[PDB]
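Shown here: my_file_29.cif, mmCIF, C-alpha atoms.
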data_target
loop_
_atom_site.label_atom_id
_atom_site.label_comp_id
_atom_site.auth_asym_id
_atom_site.auth_seq_id
_atom_site.Cartn_x
_atom_site.Cartn_y
_atom_site.Cartn_z
CA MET A 1 167.41 111.09 176.23
CA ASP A 2 166.85 110.22 179.83
CA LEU A 3 167.17 113.37 181.90
CA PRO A 4 163.80 115.14 182.32
CA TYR A 5 165.42 118.52 181.70
CA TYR A 6 167.08 117.49 178.45
CA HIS A 7 165.12 119.00 175.54
CA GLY A 8 166.97 117.62 172.53
CA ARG A 9 166.60 119.88 169.52
CA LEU A 10 165.43 123.08 171.15
CA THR A 11 166.08 126.41 169.44
CA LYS A 12 168.09 129.08 171.25
CA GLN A 13 164.98 131.22 171.08
CA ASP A 14 162.64 128.69 172.71
CA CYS A 15 165.38 127.92 175.22
CA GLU A 16 165.50 131.57 176.27
CA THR A 17 161.72 131.85 176.54
CA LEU A 18 161.50 128.73 178.71
CA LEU A 19 164.38 129.77 180.96
CA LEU A 20 163.56 133.46 181.45
CA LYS A 21 159.77 133.63 181.61
CA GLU A 22 159.55 132.87 185.35
CA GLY A 23 161.93 135.73 186.18
CA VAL A 24 164.01 133.75 188.69
CA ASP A 25 167.74 132.94 188.76
CA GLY A 26 168.98 129.40 188.34
CA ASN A 27 166.40 127.91 185.99
CA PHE A 28 168.29 125.52 183.73
CA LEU A 29 168.09 122.95 180.98
CA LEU A 30 170.17 120.80 178.65
CA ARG A 31 169.72 120.96 174.88
CA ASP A 32 171.54 119.95 171.71
CA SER A 33 173.95 122.43 170.17
CA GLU A 34 172.41 124.09 167.12
CA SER A 35 175.64 123.87 165.13
CA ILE A 36 178.04 121.23 166.52
CA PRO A 37 176.90 117.57 166.25
CA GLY A 38 177.18 115.60 169.50
CA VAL A 39 177.65 118.69 171.65
CA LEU A 40 175.27 119.59 174.49
CA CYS A 41 174.50 123.00 175.95
CA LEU A 42 173.79 123.77 179.58
CA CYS A 43 171.76 126.95 179.68
CA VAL A 44 170.88 128.81 182.86
CA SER A 45 169.19 132.08 183.87
CA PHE A 46 170.82 134.90 185.84
CA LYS A 47 169.48 138.44 186.21
CA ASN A 48 167.25 138.09 183.13
CA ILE A 49 170.02 136.78 180.88
CA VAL A 50 170.69 133.23 179.65
CA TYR A 51 174.26 131.95 180.11
CA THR A 52 175.27 129.07 177.85
CA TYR A 53 178.04 126.51 178.32
CA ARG A 54 178.87 123.85 175.75
CA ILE A 55 179.45 120.34 177.07
CA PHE A 56 181.69 118.10 175.00
CA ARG A 57 181.99 114.32 174.81
CA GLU A 58 185.67 113.33 174.88
CA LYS A 59 184.02 110.99 173.88
CA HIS A 60 185.21 108.11 176.10
CA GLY A 61 181.60 108.63 177.30
CA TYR A 62 182.60 111.48 179.64
CA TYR A 63 181.35 115.07 179.68
CA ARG A 64 183.67 118.09 179.54
CA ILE A 65 182.88 121.70 180.43
CA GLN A 66 184.91 124.86 180.91
CA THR A 67 183.12 127.54 182.89
CA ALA A 68 185.63 130.38 182.66
CA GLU A 69 189.01 131.49 181.44
CA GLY A 70 191.68 130.19 183.81
CA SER A 71 189.28 127.57 185.14
CA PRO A 72 190.56 124.14 184.15
CA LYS A 73 188.42 122.07 181.80
CA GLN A 74 186.49 119.70 184.00
CA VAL A 75 185.43 116.20 183.07
CA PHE A 76 182.56 114.17 184.58
CA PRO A 77 181.60 110.46 184.32
CA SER A 78 177.99 111.43 183.75
CA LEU A 79 175.76 114.41 183.09
CA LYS A 80 174.09 113.93 186.48
CA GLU A 81 177.42 114.37 188.24
CA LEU A 82 178.10 117.49 186.17
CA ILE A 83 174.71 118.96 187.09
CA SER A 84 175.16 118.00 190.74
CA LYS A 85 178.42 119.91 190.96
CA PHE A 86 176.92 123.10 189.59
CA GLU A 87 173.91 122.90 191.87
CA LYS A 88 176.34 123.96 194.62
CA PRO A 89 177.00 127.70 195.08
CA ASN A 90 180.16 129.50 193.86
CA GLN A 91 181.63 126.70 191.72
CA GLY A 92 182.90 128.96 188.96
CA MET A 93 179.65 129.30 187.00
CA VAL A 94 177.86 132.67 186.57
CA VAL A 95 175.02 131.26 188.66
CA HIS A 96 174.34 127.96 190.39
CA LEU A 97 171.68 125.57 189.12
CA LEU A 98 168.41 125.45 191.04
CA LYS A 99 165.28 124.57 189.05
CA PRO A 100 165.47 122.09 186.16
CA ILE A 101 163.07 123.08 183.37
CA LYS A 102 161.49 119.77 182.38
CA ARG A 103 160.69 118.83 178.79
#
Serialized structure, structure tokens:
Amino acid sequence: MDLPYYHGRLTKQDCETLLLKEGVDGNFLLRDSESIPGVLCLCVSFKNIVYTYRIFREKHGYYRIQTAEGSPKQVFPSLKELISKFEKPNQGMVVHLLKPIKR
């Protein structure tokens, strides 16, 4: 795609290596789901563990994510708006996004 930190078909394994090797929280990227066509995954590092969230297209061209049980599904007009929200602290994600890992 367009976004510099979208990696397309990137294995879960390579994803983990790229996200965790620096040893810092908040490294993140987007990749394709390995199993569900048309689904994206936002993957981010926290305390040496990768946390993965699937992002669905409604489609309607919007992007849907649910970060936790009892958090409402949230829909965004664009991936950039989704990423921008979770760059802020304490927004219901395990960790906030800091450094985009570029392709």
Test item: the PyMOL selection byres ((chain A and resi 45) around 7) resolved as a list in words: residues 19, 20, 25, 26, 27, 28, 44, 46, 47, 48, 49, 50 and 51 of chain A
Counting only C-alpha atoms, which residues come within 10 Å of (165.9, 124.1, 170.8), with the point read in the file's coordinates, and could you list them as a list in words?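 Returned residue set, sorted by chain then number, is residues 7, 8, 9, 10, 11, 12, 13, 14, 15, 16, 30, 31, 32, 33 and 34 of chain A.
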By how many Å are atom CA of residue 41 of chain A and atom CA of residue 55 of chain A apart?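 Between these atoms lies a distance of 5.7 Å.
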Residue among A:4, A:61, A:69, A:35 lying closest to residue 100 of chain A, counting only C-alpha atoms: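 Smallest separation from residue 100 of chain A among the options: A:4.
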Residues returned when the PyMOL selection byres ((chain A and resi 64) around 8) runs on this file, as an NGL selection string: :A and (55-58 or 62-63 or 65-66 or 73-76)
May I ask you to restore N, CA, C and O atoms in segment 41-64 of chain A and write the result as a PDB file, keeping the file's coordinate frame?
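The resulting rebuild-v6.pdb:
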ATOM      1  N   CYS A  41     174.405 121.680 175.330  1.00  0.00           N
ATOM      2  CA  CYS A  41     174.500 123.000 175.950  1.00  0.00           C
ATOM      3  C   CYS A  41     173.738 123.035 177.259  1.00  0.00           C
ATOM      4  O   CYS A  41     172.571 122.654 177.334  1.00  0.00           O
ATOM      5  N   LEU A  42     174.422 123.493 178.303  1.00  0.00           N
ATOM      6  CA  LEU A  42     173.790 123.770 179.580  1.00  0.00           C
ATOM      7  C   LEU A  42     173.485 125.252 179.591  1.00  0.00           C
ATOM      8  O   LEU A  42     174.373 126.073 179.406  1.00  0.00           O
ATOM      9  N   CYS A  43     172.217 125.576 179.774  1.00  0.00           N
ATOM     10  CA  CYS A  43     171.760 126.950 179.680  1.00  0.00           C
ATOM     11  C   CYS A  43     171.053 127.298 180.969  1.00  0.00           C
ATOM     12  O   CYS A  43     170.246 126.511 181.458  1.00  0.00           O
ATOM     13  N   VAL A  44     171.367 128.461 181.536  1.00  0.00           N
ATOM     14  CA  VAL A  44     170.880 128.810 182.860  1.00  0.00           C
ATOM     15  C   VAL A  44     170.608 130.316 182.967  1.00  0.00           C
ATOM     16  O   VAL A  44     171.271 131.132 182.319  1.00  0.00           O
ATOM     17  N   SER A  45     169.606 130.680 183.760  1.00  0.00           N
ATOM     18  CA  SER A  45     169.190 132.080 183.870  1.00  0.00           C
ATOM     19  C   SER A  45     169.891 132.791 185.020  1.00  0.00           C
ATOM     20  O   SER A  45     170.060 132.217 186.106  1.00  0.00           O
ATOM     21  N   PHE A  46     170.283 134.043 184.782  1.00  0.00           N
ATOM     22  CA  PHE A  46     170.820 134.900 185.840  1.00  0.00           C
ATOM     23  C   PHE A  46     170.543 136.355 185.514  1.00  0.00           C
ATOM     24  O   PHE A  46     170.963 136.843 184.467  1.00  0.00           O
ATOM     25  N   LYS A  47     169.837 137.039 186.409  1.00  0.00           N
ATOM     26  CA  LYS A  47     169.480 138.440 186.210  1.00  0.00           C
ATOM     27  C   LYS A  47     168.950 138.720 184.806  1.00  0.00           C
ATOM     28  O   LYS A  47     169.404 139.643 184.139  1.00  0.00           O
ATOM     29  N   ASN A  48     167.983 137.902 184.376  1.00  0.00           N
ATOM     30  CA  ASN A  48     167.250 138.090 183.130  1.00  0.00           C
ATOM     31  C   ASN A  48     168.059 137.836 181.865  1.00  0.00           C
ATOM     32  O   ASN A  48     167.663 138.240 180.770  1.00  0.00           O
ATOM     33  N   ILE A  49     169.175 137.128 182.014  1.00  0.00           N
ATOM     34  CA  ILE A  49     170.020 136.780 180.880  1.00  0.00           C
ATOM     35  C   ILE A  49     170.296 135.283 180.915  1.00  0.00           C
ATOM     36  O   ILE A  49     170.492 134.712 181.993  1.00  0.00           O
ATOM     37  N   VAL A  50     170.301 134.643 179.744  1.00  0.00           N
ATOM     38  CA  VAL A  50     170.690 133.230 179.650  1.00  0.00           C
ATOM     39  C   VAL A  50     172.184 133.117 179.449  1.00  0.00           C
ATOM     40  O   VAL A  50     172.735 133.814 178.600  1.00  0.00           O
ATOM     41  N   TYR A  51     172.829 132.263 180.251  1.00  0.00           N
ATOM     42  CA  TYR A  51     174.260 131.950 180.110  1.00  0.00           C
ATOM     43  C   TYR A  51     174.371 130.518 179.597  1.00  0.00           C
ATOM     44  O   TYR A  51     173.709 129.621 180.108  1.00  0.00           O
ATOM     45  N   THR A  52     175.165 130.342 178.547  1.00  0.00           N
ATOM     46  CA  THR A  52     175.270 129.070 177.850  1.00  0.00           C
ATOM     47  C   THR A  52     176.683 128.505 177.951  1.00  0.00           C
ATOM     48  O   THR A  52     177.643 129.231 177.793  1.00  0.00           O
ATOM     49  N   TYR A  53     176.777 127.222 178.276  1.00  0.00           N
ATOM     50  CA  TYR A  53     178.040 126.510 178.320  1.00  0.00           C
ATOM     51  C   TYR A  53     177.945 125.262 177.457  1.00  0.00           C
ATOM     52  O   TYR A  53     177.044 124.451 177.641  1.00  0.00           O
ATOM     53  N   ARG A  54     178.866 125.090 176.517  1.00  0.00           N
ATOM     54  CA  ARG A  54     178.870 123.850 175.750  1.00  0.00           C
ATOM     55  C   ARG A  54     179.510 122.731 176.556  1.00  0.00           C
ATOM     56  O   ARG A  54     180.475 122.947 177.300  1.00  0.00           O
ATOM     57  N   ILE A  55     178.937 121.538 176.418  1.00  0.00           N
ATOM     58  CA  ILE A  55     179.450 120.340 177.070  1.00  0.00           C
ATOM     59  C   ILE A  55     179.870 119.365 175.979  1.00  0.00           C
ATOM     60  O   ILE A  55     179.061 118.994 175.121  1.00  0.00           O
ATOM     61  N   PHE A  56     181.136 118.968 176.020  1.00  0.00           N
ATOM     62  CA  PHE A  56     181.690 118.100 175.000  1.00  0.00           C
ATOM     63  C   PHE A  56     181.841 116.664 175.483  1.00  0.00           C
ATOM     64  O   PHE A  56     182.083 116.422 176.658  1.00  0.00           O
ATOM     65  N   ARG A  57     181.672 115.721 174.562  1.00  0.00           N
ATOM     66  CA  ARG A  57     181.990 114.320 174.810  1.00  0.00           C
ATOM     67  C   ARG A  57     183.422 114.066 174.360  1.00  0.00           C
ATOM     68  O   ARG A  57     183.773 114.341 173.220  1.00  0.00           O
ATOM     69  N   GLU A  58     184.254 113.509 175.232  1.00  0.00           N
ATOM     70  CA  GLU A  58     185.670 113.330 174.880  1.00  0.00           C
ATOM     71  C   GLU A  58     186.047 112.423 173.635  1.00  0.00           C
ATOM     72  O   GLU A  58     187.135 112.620 173.074  1.00  0.00           O
ATOM     73  N   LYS A  59     185.225 111.454 173.190  1.00  0.00           N
ATOM     74  CA  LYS A  59     184.020 110.990 173.880  1.00  0.00           C
ATOM     75  C   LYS A  59     184.442 110.230 175.134  1.00  0.00           C
ATOM     76  O   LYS A  59     184.384 110.779 176.244  1.00  0.00           O
ATOM     77  N   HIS A  60     184.859 108.975 174.974  1.00  0.00           N
ATOM     78  CA  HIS A  60     185.210 108.110 176.100  1.00  0.00           C
ATOM     79  C   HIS A  60     183.970 108.013 177.026  1.00  0.00           C
ATOM     80  O   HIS A  60     184.036 107.466 178.120  1.00  0.00           O
ATOM     81  N   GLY A  61     182.836 108.528 176.543  1.00  0.00           N
ATOM     82  CA  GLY A  61     181.600 108.630 177.300  1.00  0.00           C
ATOM     83  C   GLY A  61     181.619 109.593 178.479  1.00  0.00           C
ATOM     84  O   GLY A  61     180.738 109.514 179.331  1.00  0.00           O
ATOM     85  N   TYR A  62     182.609 110.479 178.565  1.00  0.00           N
ATOM     86  CA  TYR A  62     182.600 111.480 179.640  1.00  0.00           C
ATOM     87  C   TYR A  62     182.159 112.842 179.121  1.00  0.00           C
ATOM     88  O   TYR A  62     182.060 113.049 177.913  1.00  0.00           O
ATOM     89  N   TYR A  63     181.892 113.767 180.042  1.00  0.00           N
ATOM     90  CA  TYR A  63     181.350 115.070 179.680  1.00  0.00           C
ATOM     91  C   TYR A  63     182.247 116.197 180.183  1.00  0.00           C
ATOM     92  O   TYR A  63     182.531 116.276 181.368  1.00  0.00           O
ATOM     93  N   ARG A  64     182.683 117.053 179.262  1.00  0.00           N
ATOM     94  CA  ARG A  64     183.670 118.090 179.540  1.00  0.00           C
ATOM     95  C   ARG A  64     183.084 119.491 179.431  1.00  0.00           C
ATOM     96  O   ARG A  64     182.388 119.807 178.464  1.00  0.00           O
TER      97      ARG A  64
END
